[PDB]
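Visitor: The structure is given below, and queries will be raised subsequently.
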Amino acid sequence: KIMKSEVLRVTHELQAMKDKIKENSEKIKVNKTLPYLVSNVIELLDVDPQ
Amino acid sequence: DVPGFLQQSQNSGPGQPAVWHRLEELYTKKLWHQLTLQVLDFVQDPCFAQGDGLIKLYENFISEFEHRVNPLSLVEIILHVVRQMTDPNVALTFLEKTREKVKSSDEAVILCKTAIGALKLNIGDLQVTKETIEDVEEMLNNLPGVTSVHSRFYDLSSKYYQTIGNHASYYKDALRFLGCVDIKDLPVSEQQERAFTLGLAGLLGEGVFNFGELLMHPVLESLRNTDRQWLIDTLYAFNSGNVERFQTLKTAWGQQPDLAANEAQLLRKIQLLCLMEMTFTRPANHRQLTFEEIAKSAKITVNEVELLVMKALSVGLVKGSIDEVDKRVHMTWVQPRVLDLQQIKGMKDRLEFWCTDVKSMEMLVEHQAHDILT
Amino acid sequence: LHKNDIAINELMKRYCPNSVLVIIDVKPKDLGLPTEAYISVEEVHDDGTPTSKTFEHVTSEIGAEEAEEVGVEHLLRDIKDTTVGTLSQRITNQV
Amino acid sequence: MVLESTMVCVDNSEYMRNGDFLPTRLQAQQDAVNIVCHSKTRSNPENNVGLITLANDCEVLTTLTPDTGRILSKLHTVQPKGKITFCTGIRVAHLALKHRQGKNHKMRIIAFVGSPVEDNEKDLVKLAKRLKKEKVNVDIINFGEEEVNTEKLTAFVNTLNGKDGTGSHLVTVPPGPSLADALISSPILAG
C-alpha cells in the first residue's frame with residue numbers, strides 16, 4: 001500500500017480547492033446581485049479566423 | 001529465511017569470511033544501506049566467479065523484497081549475473097522482472113532500457129536496438145543531466161560504432177564523452193585504446209570538417225603523451241594544416257585496414273583546410289588570390305581546381321563567389337574553429353586601432369562640435 | 001550574476017513557468033540600457049559539457065502604453081520629444 | 001504565555017526507512033512534529049512553525065505561520081532524495097529567523113538528524129561559535145546512528161551551549177523498539 005500513500009496529498013489538494021473556492025465563489029453574490037435593466041439578446045455566431 | 005541464511009552465510013571459501021564477517025554483522029543489524037554498500041564492495045572485489053552464484057540469487061531476492069535501496073545497485077549486480085552466466089534467454093525475463101518490480105518512484109527506466117538495449121546490441125538484433133536507443137535518448141531530456149547514464153549511452157554508441165554503418169554519430173556522442181570526463185580514475189591502460197579508436201574514429205568521421213575540437217581539449221593531448229607520437233604528429237598536422245604530402249602520405253599508408261577506400265574522401269576533406277587557412281591567413285591587404293597557390297599546395301592540375309572550388313562551395317563552409325575573368329580566387333566568410341594566436345594578437349592590434357580611431361573621430365568631431373552646437 | 005541564481009530561479013522554474021531574468025544596476029551611472037532579458041532555458045553545448053541552465057540575452061524595449069508617457073512627461077518637463085530636425089539629430093551625432 | 005519561534009529540520013535521506021528500527025519512523029517523527037505543534041498551539045497559539053529539510057538544495061516547505069492546517073498537508077511528499085547537508089541547513093534557518101513577523105518571539109530551532117555528519121570538527125566549532133555568538137536556542141536531536149552516538153558532538157554541544165542557567169538541552173535517544181514521542185517529550189523543551 002506504499003504506492004497508494006500518495007492519494008492523501010491529492011485529497012488534501014482537493015479539499016484545499018474546496019477551501020479556496022469560497023472566496024471566488026463568494027463574490028458571485030456581490031457581482032451577480034441584480035441586473036439593473038433589461039436588454040434583448042440576438043444570437044449571431046461569429047468566426048475568429050484556441 | 002533469516003534463520004536459514006546463517007548456514008550458507010557462515011560456510012564459505014577461504015577468503016570469503018573476511019567480507020562475510022561484516023556482511024553477516026550488517027545482515028543481523030538489518031542496515032539495508034550498509035548491507036547494500038557491502039554488496040557493492042563484494043561485487044567490486046575481483047571474486048573467483050565460482051561460488052558467488054548463490055549470493056547473486058540470495059542478494060537478488062533480498063534486493064527484490066527490500067523495496068528500500070535504489071534498485072540501480074540491483075541493476076549493476078544483475079548485469080554481473082548476466083555477465084557471469086552469459087545466458088541472454090533469461091536476461092529478458094530478469095530485466096523485465098525488474099521493470100515489473102521497480103515502482104514509479106525514480107526514473108530508472110533510462111538505465112533499464114539502457115541495460116536491455118545494451119544486452120541486445122549483440123549479433124542477434126541491430127535495428128530494433130538502435131530504435132530503442134533512440135527511445136532511450138528520447139525519453140528523458142530533463143534537468144537530471146548527470147551524464148553518467150549518458151556515458152553508458154556513449155557505451156551503447158560504441159557498441160553501435162562496432163557497425164560500420166554510421167561513423168558520424170560516434171563522433172557527435174564522442175564530443176559528449178570528451179566533455180563528460182571528470183578525473184583520471186578509470187584505467188589509463190584502457191584510455192590507450194579509448195584515445196586510439198577515438199582518434200581513428202575522429203579521423204574517419206565524415207560529419208565534421210575541422211579536428212581542432214578534439215585536439216583542443218587538454219585531456220586528450222595530456223593522455224596521449226604516454227602513447228607513441230605517430231598519431232599526435234598527424235593530428236597536429238591535420239589540425240594546423242598540411243603543407244607537405246610526405247608525412248600525410250606515410251600516415252595515409254600507415255593505417256592499413258579500412259583506410260584505402262576512405263583515403264580519397266580524406267583527401268577531399270583535407271583539401272579544404274588549405275583553403276580556409278589560406279583565406280584566414282591574410283585578413284586584409286589584397287585578400288584576392290589566384291589558383292596557383294591552390295594547385296601548388298594541393299599538387300593538383302589546373303583542370304580540377306574548378307571541381308575543387310565547386311566541392312568547397314558544395315560542402316557549405318564557404319560562400320565565395322568570384323567574378324573573375326582571368327583565373328582568380330576570391331573568398332568570403334570562413335570559420336577557423338580551432339585556434340589562432342597570431343589572430344588573437346592581431347585581433348588586439350586591429351581592435352585597439354579601431355577603438356582609438358573611433359575615439360579619435362569622437363574627440364575630433366565632438367571637440368569643436370560641442371563648442372559650436374552643444 | 002552569482003552562482004546561486006540557478007537555485008533562486010529554480011524555485012520559480014518548478015512552481016511557476018519558465019521565468020525570465022533581468023539584471024540591472026544599483027546606480028544609474030551605466031549609459032547603456034539597464035534592462036536585459038535573460039531567458040532561463042537549458043541549451044546543448046558542443047564541447048560536451050553537461051546540460052545546465054543558460055541565460056541567453058533577449059532584446060528588450062522600454063515603452064509605455066497610455067498613461068505612463070503622460071505622467072513621465074509631466075513629471076520631467078525637461079526631456080524633449082522626437083523633434084526631427086537640427087538639435088535632436090546633431091545631439092545623437094555628437095554623443 | 002510563551003512568545004517564541006519554532007523551526008524544525010527533518011531528514012529526507014533513505015536512512016529513515018531501514019527495517020531494524022521503527023517501520024519508516026518518518027511518520028513517527030511526523031507525529032512528533034504534530035504533538036509539539038499542537039502542544040505549543042495549546043500553550044500559545046500565536047507561535048509560528050516553519051518546515052524545511054536538510055537536503056543539498058534546501059527548500060522552504062512552509063513559511064513561519066501559526067496555521068498548521070496546511071502544514072499537516074505539507075508534511076507529506078517528503079521527496080526522499082539527498083543524504084545530508086549541515087552548513088546550509090543551519091544557515092538556512094538561523095539566518096532566516098529575521099524574517100519572522102513578531103520581533104518579540106524568541107529564537108528556537110530544532111533539527112531531526114538521521115544521517116552521519118559529514119562536516120569535520122572545524123566546521124563544528126565554527127558553526128557552534130556562530131550559534132553561540134548570535135545566542136540562538138539550539139536543540140540537537142539525533143535519530144539513528146552508524147558509529148558511536150556522541151564522540152565529537154558532545155564537545156560540539158558543550159561548546160555550543162551557552163547560558164548554563166536554564167539553557168539548551170541535548171536529546172540523545174538510544175536504540176529501542178519504543179516510540180520516539182515519549183522519549184523526546186521527556187526534556188523540558190516539550191511542554
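Each chain of the C-alpha cells is named A, B, ... in the order shown, its residues numbered from 1; ligands are numbered from 1 in display order.
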Residue 10 in chain D: which residues within 10 Å, counting only C-alpha atoms, same-chain residues fewer than 4 positions away excluded, as a list in words?

Guide: residues 26, 29, 30, 33, 51, 52, 53, 54, 55, 75, 78, 110, 111, 112, 113 and 114 of chain D

Visitor: Keeping N, CA and C atoms, export the residues of the selection given above as a compact mmCIF listing (two decimals), in the first residue's frame.

Guide:
# COMPACT_ATOMS: atom_id res chain seq x y z
N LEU D 26 9.75 7.99 9.78
CA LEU D 26 9.41 9.31 9.26
C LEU D 26 8.01 9.73 9.69
N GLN D 29 8.20 10.57 13.66
CA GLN D 29 8.67 11.92 13.92
C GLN D 29 7.75 12.97 13.30
N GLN D 30 7.00 12.60 12.26
CA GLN D 30 5.93 13.47 11.78
C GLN D 30 4.86 13.66 12.86
N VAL D 33 6.27 16.05 15.36
CA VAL D 33 6.02 17.43 14.95
C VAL D 33 4.56 17.79 15.20
N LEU D 51 8.92 24.77 8.30
CA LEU D 51 9.25 23.42 7.86
C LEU D 51 10.27 23.50 6.74
N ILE D 52 11.38 22.77 6.90
CA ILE D 52 12.43 22.73 5.89
C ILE D 52 13.25 21.47 6.13
N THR D 53 13.85 20.96 5.06
CA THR D 53 14.65 19.74 5.12
C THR D 53 16.14 20.09 5.17
N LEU D 54 16.98 19.05 5.19
CA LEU D 54 18.43 19.20 5.24
C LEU D 54 19.10 18.63 4.00
N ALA D 55 18.39 18.64 2.87
CA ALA D 55 18.94 18.12 1.63
C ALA D 55 19.99 19.09 1.07
N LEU D 75 3.50 18.24 5.36
CA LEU D 75 4.37 17.22 5.94
C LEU D 75 4.51 16.00 5.04
N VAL D 78 7.62 14.13 0.99
CA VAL D 78 8.93 14.48 1.54
C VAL D 78 10.02 14.49 0.48
N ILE D 110 15.02 23.51 16.23
CA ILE D 110 15.33 22.10 16.45
C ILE D 110 15.67 21.47 15.10
N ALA D 111 16.15 20.23 15.15
CA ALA D 111 16.56 19.54 13.94
C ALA D 111 16.52 18.03 14.18
N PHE D 112 16.00 17.30 13.20
CA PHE D 112 15.98 15.84 13.22
C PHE D 112 17.11 15.34 12.32
N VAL D 113 18.14 14.78 12.93
CA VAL D 113 19.33 14.33 12.21
C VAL D 113 19.27 12.81 12.12
N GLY D 114 19.09 12.30 10.90
CA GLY D 114 19.05 10.88 10.65
C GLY D 114 20.21 10.32 9.85

Visitor: Per residue of chain D within 12 Å of chain C, record the nearest atom pair and its distance in Å to one decimal, counting only C-alpha atoms, with rows in chain order and ascending residue number, as a Markdown table.

Guide:
| residue | atom | partner | partner_atom | distance |
| --- | --- | --- | --- | --- |
| D:56 | CA | C:7 | CA | 10.9 |
| D:57 | CA | C:7 | CA | 7.7 |
| D:58 | CA | C:7 | CA | 9.4 |
| D:59 | CA | C:11 | CA | 8.3 |
| D:60 | CA | C:11 | CA | 10.0 |
| D:61 | CA | C:11 | CA | 11.3 |

Visitor: Would you mind exporting the chosen residues as a JSON list (two decimals), in the first residue's frame, restricted to C-alpha atoms?

Guide:
[["chain", "number", "residue", "atom", "x", "y", "z"],
["D", 56, "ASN", "CA", 21.55, 19.57, -0.73],
["D", 57, "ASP", "CA", 19.11, 22.07, -2.30],
["D", 58, "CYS", "CA", 17.19, 23.27, 0.75],
["D", 59, "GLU", "CA", 13.61, 24.35, 0.04],
["D", 60, "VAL", "CA", 11.33, 26.20, 2.45],
["D", 61, "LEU", "CA", 8.29, 23.92, 2.56]]

Visitor: Find the nearest atom pair between each residue of chain B and chain A for residues within 9 Å, count only C-alpha atoms, give distances in Å to one decimal, sort rows by chain and ascending number, and present the table as JSON lines.

Guide:
{"residue": "B:103", "atom": "CA", "partner": "A:3", "partner_atom": "CA", "distance": 7.8}
{"residue": "B:104", "atom": "CA", "partner": "A:3", "partner_atom": "CA", "distance": 8.2}
{"residue": "B:105", "atom": "CA", "partner": "A:3", "partner_atom": "CA", "distance": 8.8}

Visitor: At a cut-off of 8 Å, which residues of chain D touch chain A? Count only C-alpha atoms and give the answer as a short mmCIF file (atom, residue, chain, number, x, y, z; two decimals) with C-alpha atoms, in the first residue's frame.

Guide:
data_model
loop_
_atom_site.label_atom_id
_atom_site.label_comp_id
_atom_site.auth_asym_id
_atom_site.auth_seq_id
_atom_site.Cartn_x
_atom_site.Cartn_y
_atom_site.Cartn_z
CA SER D 73 -0.61 18.61 4.29
CA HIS D 76 3.72 14.74 3.10
CA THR D 77 5.59 14.47 -0.26
#

Visitor: Out of chain D, which residues get helix (DSSP H, G or I) from DSSP, as a ChimeraX atom specification?

Guide: /D:14-16,26-43,69-74,87-94,96-99,121-134,153-160,181-184

Visitor: For chain C, work out the contacting residues on chain B at 10 Å, counting only C-alpha atoms, and write them as an NGL selection string.

Guide: :B and (141-148 or 150 or 172-181 or 213-214 or 216-217 or 362-363 or 365-367 or 369-370 or 373-374)

Visitor: Neighbouring residues of residue 6 in chain D were defined as those with any atom within 6 Å, considering only C-alpha atoms; residues of the same chain fewer than 2 positions away were excluded. Please report them as a PyMOL selection string.

Guide: chain D and resi 49+108-109

Visitor: Output the contact residues of chain B with respect to chain D at a cut-off of 8 Å, based on only C-alpha atoms, as number ranges by chain.

Guide: B: 29-33, 68-69

Visitor: Residues as selected, C-alpha atoms, written as an mmCIF file, in the first residue's frame, can you do that?

Guide:
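Wrote result_6.cif, looks like this:
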data_model
loop_
_atom_site.group_PDB
_atom_site.id
_atom_site.type_symbol
_atom_site.label_atom_id
_atom_site.label_comp_id
_atom_site.auth_asym_id
_atom_site.auth_seq_id
_atom_site.Cartn_x
_atom_site.Cartn_y
_atom_site.Cartn_z
ATOM 1 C CA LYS B 29 21.886 -5.281 12.179
ATOM 2 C CA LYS B 30 19.350 -5.089 9.301
ATOM 3 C CA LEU B 31 21.024 -1.961 7.881
ATOM 4 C CA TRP B 32 19.848 -2.171 4.275
ATOM 5 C CA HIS B 33 22.088 0.674 3.087
ATOM 6 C CA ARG B 68 14.197 0.378 0.193
ATOM 7 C CA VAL B 69 17.527 0.942 -1.574
#

Visitor: How many Å separate CA of residue 33 in chain C from CA of residue 360 in chain B?

Guide: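 Distance between the two atoms: 24.7 Å.
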
Visitor: Within 10 Å of range 19-25 of chain C, counting only C-alpha atoms, which residues qualify if same-chain residues fewer than 3 places away don't, as JSON, numbers by chain?

Guide: {"C": [1, 5, 9, 10, 11, 12, 13, 14, 16, 28, 29, 30, 33, 34, 35, 36, 37, 38, 39, 40, 41, 55, 56, 57, 58, 60]}

Visitor: Using only N, CA, C and O atoms, please write the residues we just selected to a file, as a tab-separated table (two decimals), in the first residue's frame.

Guide:
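Saved file out.tsv follows:
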chain	number	residue	atom	x	y	z
C	1	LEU	N	26.15	38.50	-11.88
C	1	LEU	CA	25.40	37.25	-11.89
C	1	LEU	C	26.10	36.24	-10.99
C	1	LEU	O	27.18	35.74	-11.32
C	5	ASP	N	21.96	32.09	-8.42
C	5	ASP	CA	20.79	32.47	-9.21
C	5	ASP	C	20.15	31.28	-9.90
C	5	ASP	O	18.98	31.37	-10.29
C	9	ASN	N	16.33	30.96	-9.18
C	9	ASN	CA	15.43	30.86	-10.33
C	9	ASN	C	14.81	29.47	-10.43
C	9	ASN	O	13.74	29.32	-11.03
C	10	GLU	N	15.46	28.45	-9.86
C	10	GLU	CA	14.94	27.09	-9.96
C	10	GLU	C	13.61	26.93	-9.23
C	10	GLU	O	12.77	26.13	-9.65
C	11	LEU	N	13.40	27.69	-8.15
C	11	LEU	CA	12.13	27.61	-7.43
C	11	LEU	C	10.97	28.10	-8.30
C	11	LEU	O	9.93	27.44	-8.38
C	12	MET	N	11.15	29.23	-8.97
C	12	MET	CA	10.14	29.73	-9.89
C	12	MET	C	10.16	29.01	-11.23
C	12	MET	O	9.29	29.26	-12.07
C	13	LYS	N	11.13	28.12	-11.45
C	13	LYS	CA	11.05	27.21	-12.58
C	13	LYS	C	10.19	26.00	-12.25
C	13	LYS	O	9.47	25.48	-13.11
C	14	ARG	N	10.27	25.53	-11.00
C	14	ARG	CA	9.43	24.42	-10.56
C	14	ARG	C	7.98	24.86	-10.38
C	14	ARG	O	7.07	24.33	-11.03
C	16	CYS	N	6.45	28.04	-10.82
C	16	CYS	CA	5.97	28.90	-11.89
C	16	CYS	C	6.51	28.42	-13.23
C	16	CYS	O	7.39	27.56	-13.29
C	28	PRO	N	22.35	54.32	-11.33
C	28	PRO	CA	22.04	54.60	-12.74
C	28	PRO	C	23.15	55.36	-13.45
C	28	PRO	O	22.89	56.35	-14.13
C	29	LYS	N	24.39	54.90	-13.30
C	29	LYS	CA	25.53	55.50	-13.97
C	29	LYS	C	25.84	54.85	-15.31
C	29	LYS	O	26.61	55.42	-16.10
C	30	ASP	N	25.28	53.68	-15.59
C	30	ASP	CA	25.51	53.00	-16.85
C	30	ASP	C	24.73	53.68	-17.96
C	30	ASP	O	23.50	53.83	-17.86
C	33	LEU	N	21.42	50.41	-21.86
C	33	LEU	CA	20.07	50.06	-21.45
C	33	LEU	C	20.13	49.23	-20.17
C	33	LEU	O	20.79	48.18	-20.16
C	34	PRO	N	19.48	49.65	-19.08
C	34	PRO	CA	19.62	48.92	-17.81
C	34	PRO	C	18.95	47.56	-17.80
C	34	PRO	O	19.32	46.72	-16.97
C	35	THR	N	17.99	47.30	-18.69
C	35	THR	CA	17.21	46.07	-18.67
C	35	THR	C	17.76	45.09	-19.71
C	35	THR	O	17.92	45.44	-20.88
C	36	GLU	N	18.03	43.87	-19.26
C	36	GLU	CA	18.47	42.79	-20.14
C	36	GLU	C	17.64	41.55	-19.82
C	36	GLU	O	17.74	41.02	-18.71
C	37	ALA	N	16.85	41.09	-20.78
C	37	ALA	CA	16.00	39.92	-20.58
C	37	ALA	C	16.81	38.65	-20.82
C	37	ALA	O	17.31	38.42	-21.93
C	38	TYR	N	16.95	37.84	-19.78
C	38	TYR	CA	17.73	36.60	-19.84
C	38	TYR	C	16.78	35.43	-19.64
C	38	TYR	O	16.29	35.21	-18.53
C	39	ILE	N	16.53	34.68	-20.71
C	39	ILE	CA	15.61	33.55	-20.64
C	39	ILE	C	16.29	32.38	-19.94
C	39	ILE	O	17.49	32.12	-20.13
C	40	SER	N	15.53	31.67	-19.11
C	40	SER	CA	16.05	30.53	-18.35
C	40	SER	C	15.70	29.25	-19.11
C	40	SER	O	14.67	28.62	-18.88
C	41	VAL	N	16.58	28.87	-20.04
C	41	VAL	CA	16.41	27.65	-20.82
C	41	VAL	C	17.73	26.89	-20.83
C	41	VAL	O	18.81	27.48	-20.75
C	55	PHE	N	21.58	31.48	-19.58
C	55	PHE	CA	20.87	32.76	-19.64
C	55	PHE	C	21.20	33.44	-20.97
C	55	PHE	O	22.24	34.10	-21.09
C	56	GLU	N	20.33	33.26	-21.95
C	56	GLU	CA	20.51	33.88	-23.26
C	56	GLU	C	19.87	35.27	-23.27
C	56	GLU	O	18.75	35.45	-22.76
C	57	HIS	N	20.58	36.23	-23.84
C	57	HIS	CA	20.10	37.61	-23.86
C	57	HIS	C	18.95	37.77	-24.85
C	57	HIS	O	19.11	37.49	-26.04
C	58	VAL	N	17.80	38.21	-24.35
C	58	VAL	CA	16.65	38.54	-25.18
C	58	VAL	C	16.53	40.05	-25.24
C	58	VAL	O	16.63	40.73	-24.22
C	60	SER	N	15.10	43.80	-25.39
C	60	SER	CA	14.05	44.43	-24.61
C	60	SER	C	13.86	45.86	-25.06
C	60	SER	O	14.78	46.48	-25.61

Visitor: Select from chain C everything DSSP, run on the backbone, classes as strand (DSSP E or B), then give the selection as an MDAnalysis selection string.

Guide: chainID C and resid 20:22 37:42 53:58

Visitor: Out of B:107, B:131, B:87, B:24, which residue has the shortest atom-to-atom distance to residue 71 in chain B when counting only C-alpha atoms?

Guide: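 Of B:107, B:131, B:87, B:24, the one nearest residue 71 in chain B, counting only C-alpha atoms, is B:107.
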
Visitor: Mind giving me the straight-line distance from CA of residue 80 in chain B to CA of residue 130 in chain B in Å, one decimal?

Guide: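 A separation of 23.3 Å between them.
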